[PDB]
Amino acid sequence: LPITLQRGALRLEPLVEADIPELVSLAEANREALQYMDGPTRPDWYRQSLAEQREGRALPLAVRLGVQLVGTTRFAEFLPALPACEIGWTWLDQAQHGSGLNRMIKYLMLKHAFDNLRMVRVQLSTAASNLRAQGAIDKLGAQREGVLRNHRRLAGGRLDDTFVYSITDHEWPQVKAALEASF
Amino acid sequence: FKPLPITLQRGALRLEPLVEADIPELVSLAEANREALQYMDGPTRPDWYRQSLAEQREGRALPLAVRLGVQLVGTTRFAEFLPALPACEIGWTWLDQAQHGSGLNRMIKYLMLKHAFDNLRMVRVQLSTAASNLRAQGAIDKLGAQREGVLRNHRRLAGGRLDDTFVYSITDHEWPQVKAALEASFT
Ligand SMILES: CC(C)(COP(=O)(O)OP(=O)(O)OC[C@H]1O[C@@H](n2cnc3c(N)ncnc32)[C@H](O)[C@@H]1OP(=O)(O)O)[C@@H](O)C(=O)NCCC(=O)NCCS
Ligand SMILES: CC(C)(COP(=O)(O)OP(=O)(O)OC[C@H]1O[C@@H](n2cnc3c(N)ncnc32)[C@H](O)[C@@H]1OP(=O)(O)O)[C@@H](O)C(=O)NCCC(=O)NCCS
């Protein structure tokens, strides 16, 4: 079920059709930053996430900081029987990199997955080539679970492997603690 | 990317698209094999089968009935399509116990892999099973798939226990050697 997540001027709100033109314009200005992701520069990647939201299979979000739309992120790949999900499909306008915005977003999202939704597992994933997102996943305290070969494309169409990580419900108290103490 | 509902065949073996008509018969057979199926979540209830047909109605699965001449002997599936690649998983396989150790599992994956790589032009086929499911890990190892990771709290077993998942793959580059080995094991 759709949620708005907020801390002060930071709002994560369900993605809507009206957000798409601006996200595509914002992604063009960040074209090079988005090089390890396939889709975010095209409307179909956003429309796909809203299709899935309708089918109860994703919760995509618009990231707003004050008045300004600064990116997007998503819960998806639900495993209802566990429950489990993945958090990802995140990009942020590059003025926000290094700011702590990503850590805060991930803290609000994990806190929802574990404290409210009762997830037993949360997966995070990124391209083998994406050294920045890897560092950022590390900093969360997610543990690497695997390397999936020939599992993705980069923005220019090149094939890449995926690094897969997770946080389990047992690890979450210490993950929560560690993040909160970095604020 | 549009995988269509194909029949695969080798001699008296056919893999034919699963239909609703198959499900009563599959459910009774799985019940007969209840304990062999204990590492899988759901194959003894009709809903597991309709869920696959529903996914198929969406272009998200290709569920299959396994037949030896006219005998129904189990089920298997292509699913988790990654259209941009293209890639999929081959899985959700169970055979009747009389066929355990007959080489039927291997011939089934051989037909499926040939179709994935040779017809659908996939760059990756994934296989996965419970961390507890040693026999399946053996058959996967035997196919020539390389283990890629262990995913924690990633599944439930037949009685609802949480288990991890071992994840494997065969890439398009490994396929020829895998094919060669499979072909040699049959012949
Ligand atoms: C992935 C993303 C959301 C992470 O947010 P971020 O604010 O940049 O992340 P952080 O700065 O908090 O963490 C990145 C860490 O990796 C390290 N790092 C940054 N660039 C690096 C590089 N090229 N090589 C190795 N390490 C690098 C940094 O040192 C930093 O850690 P530090 O604080 O100890 O120095 C963001 O960078 C982004 O939107 N990228 C563009 C789109 C994308 O690739 N999406 C991610 C796919 S999941
Ligand atoms: C999984 C299944 C389809 C495999 O077919 P199979 O005929 O049983 O497999 P094979 O005999 O070809 O391979 C089993 C391999 O596991 C290993 N092995 C055999 N028995 C084992 C055991 N009980 N414990 C650990 N390893 C074992 C060996 O490598 C063996 O190969 P071998 O012929 O060299 O001895 C079948 O067991 C089945 O339908 N099981 C129930 C459903 C299920 O668990 N689904 C699998 C989901 S991926």
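Observations on the model:
- Some residue of the range A:49-63 being more than 30 Å from B:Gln51 (Cα to Cα) and assigned to a strand (DSSP E or B): yes
- A single member of B:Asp141, B:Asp118 is among the acidic types (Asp, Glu) and under 15 Å from the mean Cα position of the chain (by Cα), and it is B:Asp141.
- Among the residues listed as B:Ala184, B:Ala116, the single one being without any contact (Cβ under 8 Å) to a residue 12 or more places away in the chain, part of a helix (DSSP H, G or I) and more than 11 Å from ligand 2 (Cβ to nearest atom): B:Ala184
- Looking across the range A:12-69 at every residue that is within 22 Å of A:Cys85 (Cα to Cα) and among the basic types (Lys, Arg), the one that is farthest from the other protein chains (Cβ to nearest Cβ) is identified as A:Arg47.
- Any hit, the range B:52-62, residues being in contact with a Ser or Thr (Cβ under 7 Å, 6 or more places away or on another chain) and not small (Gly, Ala, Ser): no
- Enumeration of residues in the range A:63-110 that are among the aromatic types (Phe, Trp, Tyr) and farther than 30 Å from B:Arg156 by Cα: A:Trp91
- For the range B:68-92, a residue qualifies if it is within 16 Å of ligand 2 (Cβ to nearest atom) and over 14 Å from the mean Cα position of the chain (by Cα), and the qualifying residues are B:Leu68, B:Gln71, B:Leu72.
- Qualifying residues in the range A:39-59 (those that are over 19 Å from A:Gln123 (Cα atoms) and charged (D, E, K, R)) - the one nearest to ligand 1 (Cβ to nearest atom): A:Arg42
- Across the range A:119-153, the qualifying residues are those that are touching a residue at least 60 places away in the same chain (Cβ under 8 Å) and either within 14 Å of chain B (Cβ to nearest Cβ) or closer than 22 Å to B:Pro86 by Cα (or both), and the one among them that is farthest from ligand 1 (Cβ to nearest atom) is A:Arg153.
- Subset of the range A:48-88 (residues that are aromatic (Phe, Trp, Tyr) and closer than 18 Å to A:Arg11 by Cβ): A:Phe75
- Of all residues in the range B:77-104 being charged (D, E, K, R) and more than 14 Å from chain A (Cβ to nearest Cβ), the one that is surrounded by the fewest Cβ atoms within 10 Å (Cβ to Cβ): B:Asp96
- Top-ranked residue in the range B:154-177 [being of a type in the set (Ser, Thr, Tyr) and at the interface with chain A (Cβ under 9 Å from one of its Cβ atoms); ranked as farthest from the chain's Cα centre (by Cα)]: B:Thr171
- Residues satisfying the stated conditions in the range B:158-177, i.e. of a type in the set (A, V, I, L, M, F, W, C) and either in contact (Cβ under 8 Å) with a residue 40 or more places away in the chain or within 16 Å of B:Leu85 (Cα to Cα) (or both): B:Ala158, B:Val167, B:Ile170, B:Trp175
Since every read-out is calculated from the coordinates, none of them should be taken as a lab result. Because the Cβ atoms are built from the backbone with ideal geometry, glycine has one as well, and the counts that use them run over all protein chains shown.
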